[PDB]
$ cat model-v2.cif   # mmCIF, C-alpha atoms
data_target
#
loop_
_atom_site.group_PDB
_atom_site.id
_atom_site.type_symbol
_atom_site.label_atom_id
_atom_site.label_comp_id
_atom_site.auth_asym_id
_atom_site.auth_seq_id
_atom_site.Cartn_x
_atom_site.Cartn_y
_atom_site.Cartn_z
ATOM 1 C CA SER A 1 -151.478 -152.139 9.994
ATOM 2 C CA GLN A 2 -150.046 -152.557 6.493
ATOM 3 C CA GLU A 3 -148.131 -155.651 7.526
ATOM 4 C CA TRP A 4 -148.421 -159.318 6.648
ATOM 5 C CA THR A 5 -148.014 -162.733 8.199
ATOM 6 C CA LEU A 6 -145.044 -164.036 6.265
ATOM 7 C CA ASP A 7 -143.879 -167.574 5.673
ATOM 8 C CA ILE A 8 -140.244 -167.461 4.615
ATOM 9 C CA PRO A 9 -137.904 -170.455 4.091
ATOM 10 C CA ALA A 10 -134.519 -170.532 5.820
ATOM 11 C CA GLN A 11 -132.920 -172.414 2.972
ATOM 12 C CA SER A 12 -131.331 -171.060 -0.211
ATOM 13 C CA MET A 13 -132.061 -167.328 -0.595
ATOM 14 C CA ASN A 14 -133.493 -167.942 -4.079
ATOM 15 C CA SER A 15 -136.405 -169.764 -2.461
ATOM 16 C CA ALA A 16 -137.092 -167.241 0.297
ATOM 17 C CA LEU A 17 -137.263 -164.276 -2.069
ATOM 18 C CA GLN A 18 -139.451 -166.129 -4.575
ATOM 19 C CA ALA A 19 -141.735 -167.279 -1.758
ATOM 20 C CA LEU A 20 -142.016 -163.711 -0.491
ATOM 21 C CA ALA A 21 -142.839 -162.525 -3.999
ATOM 22 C CA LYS A 22 -145.943 -164.649 -4.488
ATOM 23 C CA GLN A 23 -147.063 -164.214 -0.890
ATOM 24 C CA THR A 24 -146.940 -160.395 -0.864
ATOM 25 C CA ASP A 25 -147.836 -159.792 -4.530
ATOM 26 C CA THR A 26 -144.406 -158.388 -5.341
ATOM 27 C CA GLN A 27 -141.799 -158.818 -8.064
ATOM 28 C CA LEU A 28 -138.325 -159.518 -6.723
ATOM 29 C CA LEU A 29 -135.268 -159.221 -8.933
ATOM 30 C CA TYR A 30 -132.184 -161.158 -7.902
ATOM 31 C CA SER A 31 -129.484 -163.336 -9.405
ATOM 32 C CA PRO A 32 -129.663 -166.991 -8.227
ATOM 33 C CA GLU A 33 -126.091 -167.575 -9.393
ATOM 34 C CA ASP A 34 -124.727 -164.455 -7.684
ATOM 35 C CA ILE A 35 -126.075 -165.364 -4.248
ATOM 36 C CA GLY A 36 -123.862 -168.452 -4.029
ATOM 37 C CA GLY A 37 -126.725 -170.455 -2.567
ATOM 38 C CA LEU A 38 -126.681 -168.525 0.700
ATOM 39 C CA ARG A 39 -129.239 -169.422 3.357
ATOM 40 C CA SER A 40 -131.795 -166.726 4.038
ATOM 41 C CA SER A 41 -132.720 -165.322 7.429
ATOM 42 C CA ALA A 42 -136.238 -166.708 7.774
ATOM 43 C CA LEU A 43 -138.611 -164.011 8.938
ATOM 44 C CA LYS A 44 -141.932 -165.762 9.369
ATOM 45 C CA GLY A 45 -144.167 -163.471 11.349
ATOM 46 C CA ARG A 46 -146.003 -160.167 11.187
ATOM 47 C CA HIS A 47 -143.989 -157.404 9.534
ATOM 48 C CA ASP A 48 -144.160 -154.813 6.763
ATOM 49 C CA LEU A 49 -142.668 -155.534 3.327
ATOM 50 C CA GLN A 50 -139.794 -153.007 3.442
ATOM 51 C CA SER A 51 -139.117 -153.850 7.073
ATOM 52 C CA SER A 52 -139.038 -157.589 6.352
ATOM 53 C CA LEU A 53 -136.691 -157.020 3.414
ATOM 54 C CA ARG A 54 -134.339 -155.048 5.640
ATOM 55 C CA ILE A 55 -134.253 -157.715 8.354
ATOM 56 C CA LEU A 56 -133.856 -160.618 5.926
ATOM 57 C CA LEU A 57 -131.329 -158.876 3.675
ATOM 58 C CA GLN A 58 -129.184 -157.407 6.481
ATOM 59 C CA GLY A 59 -126.110 -159.613 6.581
ATOM 60 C CA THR A 60 -125.436 -159.991 2.865
ATOM 61 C CA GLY A 61 -124.060 -156.469 2.349
ATOM 62 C CA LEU A 62 -126.638 -155.978 -0.404
ATOM 63 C CA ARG A 63 -128.984 -153.080 -1.136
ATOM 64 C CA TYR A 64 -132.707 -153.609 -1.635
ATOM 65 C CA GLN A 65 -134.666 -151.231 -3.846
ATOM 66 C CA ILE A 66 -138.363 -151.315 -3.011
ATOM 67 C CA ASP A 67 -140.559 -149.488 -5.513
ATOM 68 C CA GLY A 68 -144.277 -150.236 -5.522
ATOM 69 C CA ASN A 69 -144.464 -153.864 -6.615
ATOM 70 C CA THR A 70 -140.822 -153.983 -7.643
ATOM 71 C CA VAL A 71 -138.064 -155.183 -5.339
ATOM 72 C CA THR A 72 -134.581 -155.012 -6.814
ATOM 73 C CA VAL A 73 -131.779 -156.598 -4.808
ATOM 74 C CA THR A 74 -128.517 -155.110 -6.032
ATOM 75 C CA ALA A 75 -124.976 -155.444 -4.719
ATOM 76 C CA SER A 76 -123.452 -152.059 -3.950
ATOM 77 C CA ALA A 77 -119.743 -152.436 -3.203
ATOM 78 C CA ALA A 78 -119.560 -148.970 -1.674
ATOM 79 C CA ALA A 79 -119.471 -148.008 2.002
ATOM 80 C CA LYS A 80 -121.639 -144.986 1.259
ATOM 81 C CA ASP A 81 -125.381 -145.552 1.613
ATOM 82 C CA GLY A 82 -127.937 -142.924 0.708
#
$ encode --input "model-v2.cif" --output "structure tokens"
Amino acid sequence: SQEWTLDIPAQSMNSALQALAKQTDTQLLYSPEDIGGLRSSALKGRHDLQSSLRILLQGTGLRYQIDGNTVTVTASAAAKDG
């Protein structure tokens, strides 16, 4: 039951990620300029951190690196995931 009740904004992605950070005790690395002010896919409910990241991120063609308390959202322009 290592899941949380999230409260994520559906506005600019910069807000959603920062909100998730404080609320799950995680550090999220992202570029506010590089996200073009895209609206995030609000996932406010009960889900696990990695799972929530996957659901929220899916749609931006980005890759999320989750390591302990570090979440690094990088843009991998390669159709070759591993």
$ residues_around --input "model-v2.cif" --residues "region 74-79 of chain A" --least-positions-apart "2" --cutoff "7 Å" --atoms "all atoms listed in the file" --output "ChimeraX atom specification"
/A:62-64,72,81
$ closest_residue --input "model-v2.cif" --among "A:21, A:6, A:28, A:13" --to "residue 57 (chain A)" --atoms "only C-alpha atoms"
A:13
$ closest_residue --input "model-v2.cif" --among "A:60, A:11, A:26, A:31" --to "residue 43 (chain A)" --atoms "all atoms listed in the file"
A:11
$ closest_residue --input "model-v2.cif" --among "A:36, A:3, A:68, A:17" --to "residue 49 (chain A)" --atoms "all atoms listed in the file"
A:3
$ atom_distance --input "model-v2.cif" --atom1 "CA of residue 16 (chain A)" --atom2 "CA of residue 56 (chain A)"
9.3 Å
$ atom_distance --input "model-v2.cif" --atom1 "CA of residue 52 (chain A)" --atom2 "CA of residue 10 (chain A)"
13.7 Å
$ closest_residue --input "model-v2.cif" --among "A:7, A:67, A:1, A:12" --to "residue 33 (chain A)" --atoms "all atoms listed in the file"
A:12
$ atom_distance --input "model-v2.cif" --atom1 "CA of residue 8 (chain A)" --atom2 "CA of residue 23 (chain A)"
9.3 Å
$ residues_around --input "model-v2.cif" --residues "residue 2 (chain A)" --least-positions-apart "5" --cutoff "10 Å" --atoms "only C-alpha atoms" --output "list in words"
residues 46, 47, 48 and 49 of chain A
$ closest_residue --input "model-v2.cif" --among "A:59, A:53, A:71, A:5" --to "residue 30 (chain A)" --atoms "only C-alpha atoms"
A:71
$ closest_residue --input "model-v2.cif" --among "A:69, A:19, A:4, A:61" --to "residue 35 (chain A)" --atoms "all atoms listed in the file"
A:61
$ axis_aligned_box --input "model-v2.cif" --around "region 19-29 of chain A" --padding-each-side "8 Å" --output "JSON"
{"center_x": -141.6, "center_y": -162.8, "center_z": -4.7, "size_x": 28.6, "size_y": 24.9, "size_z": 24.4}
$ decode --input "model-v2.cif" --residues "chain A" --atoms "C-alpha atoms" --output "PDB file, in the first residue's frame"
ATOM      1  CA  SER A   1       0.000   0.000   0.000  1.00  0.00           C
ATOM      2  CA  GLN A   2       2.895   2.349  -0.763  1.00  0.00           C
ATOM      3  CA  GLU A   3       0.605   4.766  -2.558  1.00  0.00           C
ATOM      4  CA  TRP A   4      -0.596   8.273  -1.811  1.00  0.00           C
ATOM      5  CA  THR A   5      -3.649  10.456  -2.191  1.00  0.00           C
ATOM      6  CA  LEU A   6      -2.382  13.017  -4.658  1.00  0.00           C
ATOM      7  CA  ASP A   7      -3.607  16.507  -5.399  1.00  0.00           C
ATOM      8  CA  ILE A   8      -2.271  17.534  -8.791  1.00  0.00           C
ATOM      9  CA  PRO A   9      -3.147  20.718 -10.743  1.00  0.00           C
ATOM     10  CA  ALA A  10      -4.295  20.463 -14.358  1.00  0.00           C
ATOM     11  CA  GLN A  11      -2.700  23.753 -15.273  1.00  0.00           C
ATOM     12  CA  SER A  12       0.867  24.465 -16.394  1.00  0.00           C
ATOM     13  CA  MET A  13       3.064  21.373 -15.927  1.00  0.00           C
ATOM     14  CA  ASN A  14       5.543  23.415 -13.866  1.00  0.00           C
ATOM     15  CA  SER A  15       2.917  23.674 -11.135  1.00  0.00           C
ATOM     16  CA  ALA A  16       1.828  20.033 -11.153  1.00  0.00           C
ATOM     17  CA  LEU A  17       5.361  18.680 -10.826  1.00  0.00           C
ATOM     18  CA  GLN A  18       6.286  21.159  -8.087  1.00  0.00           C
ATOM     19  CA  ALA A  19       3.062  20.346  -6.238  1.00  0.00           C
ATOM     20  CA  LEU A  20       3.823  16.634  -6.484  1.00  0.00           C
ATOM     21  CA  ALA A  21       7.325  17.260  -5.168  1.00  0.00           C
ATOM     22  CA  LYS A  22       6.305  18.805  -1.858  1.00  0.00           C
ATOM     23  CA  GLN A  23       3.370  16.443  -1.420  1.00  0.00           C
ATOM     24  CA  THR A  24       5.355  13.209  -1.868  1.00  0.00           C
ATOM     25  CA  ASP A  25       8.679  14.397  -0.404  1.00  0.00           C
ATOM     26  CA  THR A  26      10.457  14.171  -3.749  1.00  0.00           C
ATOM     27  CA  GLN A  27      12.810  16.329  -5.797  1.00  0.00           C
ATOM     28  CA  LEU A  28      11.673  16.812  -9.379  1.00  0.00           C
ATOM     29  CA  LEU A  29      14.019  18.170 -12.020  1.00  0.00           C
ATOM     30  CA  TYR A  30      12.458  19.794 -15.061  1.00  0.00           C
ATOM     31  CA  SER A  31      12.875  22.838 -17.264  1.00  0.00           C
ATOM     32  CA  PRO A  32       9.951  25.318 -16.984  1.00  0.00           C
ATOM     33  CA  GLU A  33      11.007  26.980 -20.237  1.00  0.00           C
ATOM     34  CA  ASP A  34      11.332  23.693 -22.136  1.00  0.00           C
ATOM     35  CA  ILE A  35       7.808  22.517 -21.333  1.00  0.00           C
ATOM     36  CA  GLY A  36       6.242  25.386 -23.281  1.00  0.00           C
ATOM     37  CA  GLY A  37       3.659  25.885 -20.556  1.00  0.00           C
ATOM     38  CA  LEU A  38       1.906  22.609 -21.329  1.00  0.00           C
ATOM     39  CA  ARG A  39      -1.079  21.618 -19.205  1.00  0.00           C
ATOM     40  CA  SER A  40      -0.515  18.572 -17.043  1.00  0.00           C
ATOM     41  CA  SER A  41      -2.749  15.524 -16.843  1.00  0.00           C
ATOM     42  CA  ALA A  42      -4.133  15.954 -13.334  1.00  0.00           C
ATOM     43  CA  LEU A  43      -3.959  12.695 -11.436  1.00  0.00           C
ATOM     44  CA  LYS A  44      -5.585  13.425  -8.104  1.00  0.00           C
ATOM     45  CA  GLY A  45      -6.299  10.122  -6.448  1.00  0.00           C
ATOM     46  CA  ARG A  46      -4.628   7.100  -4.900  1.00  0.00           C
ATOM     47  CA  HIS A  47      -1.576   5.914  -6.822  1.00  0.00           C
ATOM     48  CA  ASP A  48       2.105   5.083  -6.393  1.00  0.00           C
ATOM     49  CA  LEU A  49       4.792   7.667  -7.199  1.00  0.00           C
ATOM     50  CA  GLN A  50       6.315   5.931 -10.253  1.00  0.00           C
ATOM     51  CA  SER A  51       2.873   4.929 -11.477  1.00  0.00           C
ATOM     52  CA  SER A  52       1.539   8.478 -11.112  1.00  0.00           C
ATOM     53  CA  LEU A  53       4.568   9.854 -12.954  1.00  0.00           C
ATOM     54  CA  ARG A  54       3.960   7.442 -15.814  1.00  0.00           C
ATOM     55  CA  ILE A  55       0.279   8.353 -16.144  1.00  0.00           C
ATOM     56  CA  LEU A  56       0.861  12.103 -15.866  1.00  0.00           C
ATOM     57  CA  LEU A  57       3.940  12.169 -18.102  1.00  0.00           C
ATOM     58  CA  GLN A  58       2.556   9.858 -20.819  1.00  0.00           C
ATOM     59  CA  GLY A  59       1.642  12.178 -23.665  1.00  0.00           C
ATOM     60  CA  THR A  60       4.660  14.479 -23.650  1.00  0.00           C
ATOM     61  CA  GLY A  61       7.079  11.973 -25.208  1.00  0.00           C
ATOM     62  CA  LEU A  62       9.396  12.524 -22.242  1.00  0.00           C
ATOM     63  CA  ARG A  63      11.284  10.052 -20.059  1.00  0.00           C
ATOM     64  CA  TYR A  64      11.039  10.148 -16.275  1.00  0.00           C
ATOM     65  CA  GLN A  65      13.948   8.926 -14.171  1.00  0.00           C
ATOM     66  CA  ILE A  66      12.811   7.977 -10.681  1.00  0.00           C
ATOM     67  CA  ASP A  67      15.652   7.329  -8.247  1.00  0.00           C
ATOM     68  CA  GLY A  68      14.880   7.365  -4.534  1.00  0.00           C
ATOM     69  CA  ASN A  69      13.892  10.964  -3.853  1.00  0.00           C
ATOM     70  CA  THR A  70      15.081  12.173  -7.238  1.00  0.00           C
ATOM     71  CA  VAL A  71      12.793  12.479 -10.242  1.00  0.00           C
ATOM     72  CA  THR A  72      14.495  13.642 -13.418  1.00  0.00           C
ATOM     73  CA  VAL A  73      12.262  14.433 -16.381  1.00  0.00           C
ATOM     74  CA  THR A  74      14.416  14.315 -19.496  1.00  0.00           C
ATOM     75  CA  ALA A  75      13.501  14.513 -23.170  1.00  0.00           C
ATOM     76  CA  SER A  76      14.777  11.500 -25.085  1.00  0.00           C
ATOM     77  CA  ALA A  77      14.336  12.047 -28.822  1.00  0.00           C
ATOM     78  CA  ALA A  78      14.871   8.365 -29.560  1.00  0.00           C
ATOM     79  CA  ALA A  79      12.271   5.712 -30.367  1.00  0.00           C
ATOM     80  CA  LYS A  80      14.251   3.170 -28.367  1.00  0.00           C
ATOM     81  CA  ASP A  81      13.264   2.865 -24.709  1.00  0.00           C
ATOM     82  CA  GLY A  82      15.135   0.675 -22.267  1.00  0.00           C
TER      83      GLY A  82
END
